[PDB]
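*Asks:* Got a structure for you, written out below as C-alpha cells; questions coming shortly.
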Amino acid sequence: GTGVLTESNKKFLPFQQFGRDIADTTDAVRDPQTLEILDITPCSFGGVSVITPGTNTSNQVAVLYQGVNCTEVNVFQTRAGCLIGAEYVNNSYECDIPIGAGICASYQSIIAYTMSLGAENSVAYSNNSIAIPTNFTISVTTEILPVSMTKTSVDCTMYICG
Amino acid sequence: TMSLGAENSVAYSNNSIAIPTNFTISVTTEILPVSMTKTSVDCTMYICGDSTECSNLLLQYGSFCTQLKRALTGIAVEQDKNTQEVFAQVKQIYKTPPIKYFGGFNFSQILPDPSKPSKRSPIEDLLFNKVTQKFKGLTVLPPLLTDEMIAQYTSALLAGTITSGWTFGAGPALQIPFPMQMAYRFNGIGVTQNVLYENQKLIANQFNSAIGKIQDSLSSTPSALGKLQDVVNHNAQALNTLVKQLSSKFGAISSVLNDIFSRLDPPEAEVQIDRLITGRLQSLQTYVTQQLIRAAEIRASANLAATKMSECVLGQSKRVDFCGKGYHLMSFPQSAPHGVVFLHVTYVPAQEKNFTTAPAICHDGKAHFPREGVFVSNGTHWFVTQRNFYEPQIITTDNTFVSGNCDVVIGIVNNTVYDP
Amino acid sequence: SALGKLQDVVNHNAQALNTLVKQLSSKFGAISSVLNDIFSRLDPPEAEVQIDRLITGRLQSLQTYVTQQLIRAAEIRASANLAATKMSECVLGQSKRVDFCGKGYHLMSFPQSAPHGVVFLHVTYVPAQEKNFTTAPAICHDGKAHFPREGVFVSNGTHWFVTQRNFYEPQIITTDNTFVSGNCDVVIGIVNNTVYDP
Amino acid sequence: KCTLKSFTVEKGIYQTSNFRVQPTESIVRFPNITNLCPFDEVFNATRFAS
Ligand SMILES: *[C@@H]1O[C@H](CO)[C@@H](O[C@@H]2O[C@H](CO)[C@@H](O)[C@H](O)[C@H]2NC(C)=O)[C@H](O)[C@H]1NC(C)=O
Ligand SMILES: *[C@@H]1O[C@H](CO)[C@@H](O[C@@H]2O[C@H](CO)[C@@H](O)[C@H](O)[C@H]2NC(C)=O)[C@H](O)[C@H]1NC(C)=O
Ligand SMILES: *[C@@H]1O[C@H](CO)[C@@H](O[C@@H]2O[C@H](CO)[C@@H](O)[C@H](O)[C@H]2NC(C)=O)[C@H](O)[C@H]1NC(C)=O
Ligand SMILES: *[C@@H]1O[C@H](CO)[C@@H](O[C@@H]2O[C@H](CO)[C@@H](O)[C@H](O)[C@H]2NC(C)=O)[C@H](O)[C@H]1NC(C)=O
Ligand SMILES: *[C@@H]1O[C@H](CO)[C@@H](O[C@@H]2O[C@H](CO)[C@@H](O)[C@H](O)[C@H]2NC(C)=O)[C@H](O)[C@H]1NC(C)=O
Ligand SMILES: *[C@@H]1O[C@H](CO)[C@@H](O[C@@H]2O[C@H](CO)[C@@H](O)[C@H](O)[C@H]2NC(C)=O)[C@H](O)[C@H]1NC(C)=O
Ligand SMILES: *[C@@H]1O[C@H](CO)[C@@H](O[C@@H]2O[C@H](CO)[C@@H](O)[C@H](O)[C@H]2NC(C)=O)[C@H](O)[C@H]1NC(C)=O
Ligand SMILES: *[C@@H]1O[C@H](CO)[C@@H](O[C@@H]2O[C@H](CO)[C@@H](O)[C@H](O)[C@H]2NC(C)=O)[C@H](O)[C@H]1NC(C)=O
Ligand SMILES: *[C@@H]1O[C@H](CO)[C@@H](O[C@@H]2O[C@H](CO)[C@@H](O)[C@H](O)[C@H]2NC(C)=O)[C@H](O)[C@H]1NC(C)=O
Ligand SMILES: *[C@@H]1O[C@H](CO)[C@@H](O)[C@H](O)[C@H]1NC(C)=O
Ligand SMILES: *[C@@H]1O[C@H](CO)[C@@H](O)[C@H](O)[C@H]1NC(C)=O
C-alpha cells in the first residue's frame, strides 16, 4: 500500500493484524518486527480548478486546490481549499466568479473577496407613522423561457454497423 | 380495514344558513427541501487508482468520465442556482427597529437572537439541532452560501414582512404600523377591520399561544423533519453503495488490481482488467443517472419553494390551501439544513350558529338585495351581516340595492327596510 | 448574455450529438475500431469476440445518450408547462400572484417568439416618491368610531384625510366614505376629529 | 484550453485535473525471521553416509 504512516492510538487485540474502516479499507496496521500500531492515511489529494477572467480580457489565472491545507503544496486559505494567485481584500462586492463558502473572485489583477449580501437599508417603523406613495413608474421587464428542444432521430443499424 | 374518516352529515335544508361567531388564529408548518450535497467524482482514483498502466488501458476506452465530470458540475451549479432562487429575492438587507413592540404580538421565537453566537432564532436553532470522512476520489464540494448568509436573508425577509407589510416585495419598502397591516390582511379575506380593532388583545394572545405551541410541537415530534432527513440519508446511502461496489468481484478471479497484475501475465490480466473496469464504469454510470434524477426532483421542489416564498410571504395569496389550511393571512420563513421551513399564519372560523336566511326582501313592490352581506333572522327580526362573521346590522337602504319587483325571485320574504 | 437559456439548450444538444458522433472512434479495448480491418485481419473465431465487444460498447454509449436526452426532455417539458401557465395567466388576463408576472404590481404582458422558446414583456406598475404621514386607526366622533371603507386615515400635521392605499389622493372625511362601528372606547389608538356630513 | 478543446476560454472557473503527491520511499515490514534450517548438521557433518 501507499500512504502516510503515522502513530496510531488504536489498540489492536494481540491476534489482530489489520485495521479496517467502514469503507472496508486498510487504515491501521501492526508492525511485524516491533509490535506497534500505525495509522495509514492516503497522501494528500485534491482536484485542481483554474479561475480565469476570460482570455479576451487577459491571461492571468489563479489556481485553487480543493480540500488541501496550504502547507501541503499570494496564497490564501479558504474552506474550499488553498487559493493561490489571488489576493484577499477586506472590501466586499457582488459575487462575480463563485468559489465556495461565501468567497468569490474577480478581475480588477485578480482579487478574492467575501461576497456582499446587499445594500443595508433600515426602515423607520413606528406605531403612528405610515408612508404613502405620491407618484408611480410604469416598468417593463422581460422573461425568457425555453419551450422545445431540437427533435432528433437515430438510425441504429447504420450507427452501430453501417 | 382502514377507516377513511368520521361520519358527518351537515343539516342542509332549503332556507337555513350557518355563520361563525368566533375565530381561531392557527399556525402551521411546511417543510421543503431546497438542495442536496454537491459532490464531484474523480475518474482515475475511483476506477482503479494509482496504477499508471491501468490509466493507459483506460484512456483508450473513451471520454466517459469526462461526461461524468460535466454532469456532476452541472448538478452542482444547479444546486447553487436553486438556493439563489429560493432565498435571494430581495436586494436590500432590512433591519428591525431596536424597540420590538408590535401592538402586543410577540416575535421573539422567530426573530434573530443576538445572545447566540450564531445569530439565529430559537426555531431555526431547534431545526439545526434536530437534523444530523474517508474518500477515494469522492469529493464533497461546499455550498456557495454558508448558513450565516442564509440566516441573514431570512432575517431580512422577516424584517421586511413585519415592518413594511407586503409593499417591499413590489417596489420600495413603505413602513406601516403592524395592527393596520393585520387589519388590511383581514380586509383581504372578507372580514372588516372593526373585527380586528375590537379584538386586538385576544388576537395577539392567540397568536403568541399558537407560535409557542408550534415551537413545542417541533421540539417534541422527531418525525416532522423527514422531508429533510431523507435527503441526507439518500445521498449518504447512495455514496456508501458506490464505495461498496469498489470491492466487488465483477466476475474476475480477484478484486484487487495489484494482485491481478502481480500473479498473472498480461495475456489474461488484460481481459480481467477489462472486465473489472467495464463493471466499475457501469456502476459509476448508474450512480450518475440516479444523481441526475434526484437533482431533477429536488429542483422541482426548490421551484415550488420559491413560488411559496414569492406568494405566501411577499404578499397574501387567495389560492386555497396553497399556504396552509384555512384562510391565509401571512407566512414567516425559517432556514433549515438543505431546505426551508415556513410558518403559515391562517385564520380559521369557529363556533358556528344556525340562522334562517332569505335571498331578498320585498318592500313597496321592490326587491332589496344585500350589497356586501347576507340576510339572516334570529327568529323574529331580519338583519344583514357579513359572510364570515356574525355582525348583525339593521337593514337599511344604503347597505342594500334595489333591482326589479318582488314577483320574479323565488323565496323572497316580506319585511320593512328602514331609511336613515 | 440576456438569452443565456436558449443558447444553453442549443449548445447542450449540439455537444451531446458531437460527443455521440466522436464515440465511434473509440477502440473500447478492442485491437481496432474499424469493421473492415478486423474482418480482413482475423478469422471469425476471434473477430466475433472483437465485434461483440465493439457493438456492446457502441450500444451502451448510444443508450447513455438516449437517457440523457430523456432527462433533458423532461426538464424542458416542465419549463414548457410553466411557460403555458404564464401565457394563460399573465397574457390572457391579469394576475394577483406576486412576482409571478414580473416584479411589482402586474398590469399586462405581451409575448414574443424566439428560437426554441418564448419571450414575455411584463408591463408592471411600480410606486415611487413615498412620503411619510401620521396615521390613526379610527376616528372617534360623538362617541362613535368611524372606520374607512377602503382608504386609510392620514394627517399632514393639522388636518385629517382619508386616502387610498397605493396613491396619495387626500379627501375630506365624510359620512359616506366611513362606516360606523361601536363607540370609541375599545379601539386602541383612536383619535378625535369631526366628520363632515354633506 | 486543452480541457475545453478551444483556443479562447470564457470568463469563469473550470476544473482541469487532479493534484497528487507522489510517494518516494518504500517500507517493507516483515518479522524478525529466526527459523534457521538444520543445514549446519547436514553439510558440516564430519562423516557422511555411503
Ligand atoms: C411623477 O413622476 C414623473 C416622472 O416619473 C414626473 O414627470 C416629470 O416631471 C418633470 C417636471 O415637470 C419633467 O421635467 C419630466 O419631463 C417629467 N417626466 C416625463 C416622463 O414626462 C411627474 O412630474 C411626477 N409628478 C409628481 C406629482 O411628482
Ligand atoms: C342547528 O344546527 C344543527 C346542526 O348544525 C342541527 O342539528 C341537526 O339537525 C338536523 C335537522 O333538524 C337533525 O336531523 C340532526 O340530527 C341534528 N344533529 C344532531 C347531532 O342531532 C339543528 O337541528 C339546528 N337547529 C335549528 C333550530 O336550526
Ligand atoms: C371567542 O373565542 C375566544 C377564544 O376561543 C374566547 O376567549 C376565551 O373566553 C373564555 C371565556 O371568557 C376565557 O376563559 C378564555 O381564556 C378566552 N381565551 C383566550 C385565548 O383569551 C372568547 O370569549 C370567544 N368570544 C365569544 C363571543 O364567544
Ligand atoms: C415573548 O416570548 C418570550 C419567550 O417565550 C418571553 O420571554 C419569557 O419571559 C418569561 C417572563 O419574563 C420568562 O419566564 C421566560 O423564561 C421567557 N422565555 C425565555 C425563552 O427565556 C417574553 O416574555 C414574551 N413577551 C415579550 C414582550 O417579549
Ligand atoms: C332578534 O334580535 C332582535 C334585535 O337584537 C331582538 O329585538 C330586541 O331584543 C332585545 C333583547 O331581547 C329587546 O330588549 C328589545 O326590546 C327587542 N326589540 C324589539 C323591537 O322587540 C329580538 O328579540 C331577537 N329575537 C329573538 C327570538 O331572539
Ligand atoms: C307580502 O305582502 C304582499 C302585500 O302585502 C302580499 O301580496 C298579497 O297576497 C295576498 C295573498 O295571496 C293577495 O290576496 C293579495 O292580492 C296580494 N297583494 C299584492 C299587492 O300582491 C304577499 O302575499 C305577502 N307575502 C308574504 C310571503 O307574506
Ligand atoms: C418620514 O420620517 C421618518 C422619521 O421622521 C424618516 O425616517 C428617517 O429618515 C431619515 C432620512 O435619511 C434617515 O436618515 C433616518 O435614519 C430615518 N429614521 C430611522 C429611525 O431610521 C423617513 O425617512 C421619512 N420618510 C421619507 C420618505 O423621507
Ligand atoms: C394640511 O392640509 C390642509 C388641506 O389643504 C391644509 O389646510 C389648508 O392649507 C392652505 C395652505 O396652508 C390654506 O390656504 C387653506 O386655507 C387651509 N384650509 C383649511 C380648511 O384650513 C393644511 O394647512 C395642511 N397642513 C400643513 C401643516 O401644511
Ligand atoms: C375626545 O373627546 C372626548 C369627549 O369629547 C374626550 O373625553 C374626555 O376626556 C377628558 C380627559 O380625560 C375627561 O376629563 C372627560 O370627562 C372626557 N369626556 C368624555 C365625554 O369622554 C377625549 O379625551 C378626547 N380625546 C383626547 C385624546 O383627548
Ligand atoms: C408606540 O410606540 C412607543 C415606542 O415606539 C411606545 O412607547 C408607545 O407606548 C406605543 N403606543 C402605542 C399606542 O402603541
Ligand atoms: C325546500 O326544500 C325542501 C326539502 O328540504 C322541500 O321539501 C320544499 O318543497 C322546498 N321548498 C320549495 C319552495 O321548493
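Numbers in chain B come straight from Swiss-Prot, and the residues shown are 696-827, 853-1140, in order.
Per the header of the entry, the method used was electron microscopy, 3.7 Å.
Note: Cβ is positioned from N, Cα and C throughout, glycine not excepted.
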*Asks:* In Swiss-Prot, B:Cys743 is disulphide-linked to which residue out of B:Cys749, B:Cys760?
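*Replies:* Recorded partner, per Swiss-Prot: B:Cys749.
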*Asks:* With every protein chain in view, how many other Cβ atoms are within 10 Å of the Cβ of B:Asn801 (N-linked glycosylation site)?
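*Replies:* If we count other Cβ atoms within 10 Å of B:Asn801 (N-linked glycosylation site), we arrive at 17.
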*Asks:* Taking DSSP as the reference, which of helix, strand or coil describes B:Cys1082 (disulfide bond)?
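*Replies:* In the DSSP reduction, B:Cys1082 (disulfide bond) maps to strand.
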*Asks:* Compared by Cα position, which of the recorded positions B:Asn717, B:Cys1032, B:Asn1134 is the closest one to B:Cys743 (disulfide bond)?
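*Replies:* Result for B:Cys743 (disulfide bond): the nearest of the recorded positions is B:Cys1032.
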*Asks:* Listed recorded positions: B:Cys738, B:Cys760, B:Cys1032, B:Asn1074, B:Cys1126. Which have a CB under 6 angstroms from an atom of ligand 2?
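*Replies:* Checking each Cβ against ligand 2, the ones under 6 Å are B:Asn1074.
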*Asks:* Which recorded positions among B:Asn709, B:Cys743, B:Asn801, B:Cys1043, B:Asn1074, B:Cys1126 have CB under 6 Å of ligand 4?
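*Replies:* Cβ < 6 Å from ligand 4, in sequence order: B:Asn801.
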*Asks:* How many Å separate the Cα atoms of B:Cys749 (disulfide bond) and B:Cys760 (disulfide bond)?
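*Replies:* Here the two Cα atoms are 15 Å apart.
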*Asks:* Between C-alpha atoms, which of these recorded positions comes nearest to B:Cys1032 (disulfide bond): B:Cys760, B:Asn801, B:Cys1082?
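*Replies:* Given the candidates B:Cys760, B:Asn801, B:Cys1082, the nearest one is B:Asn801.
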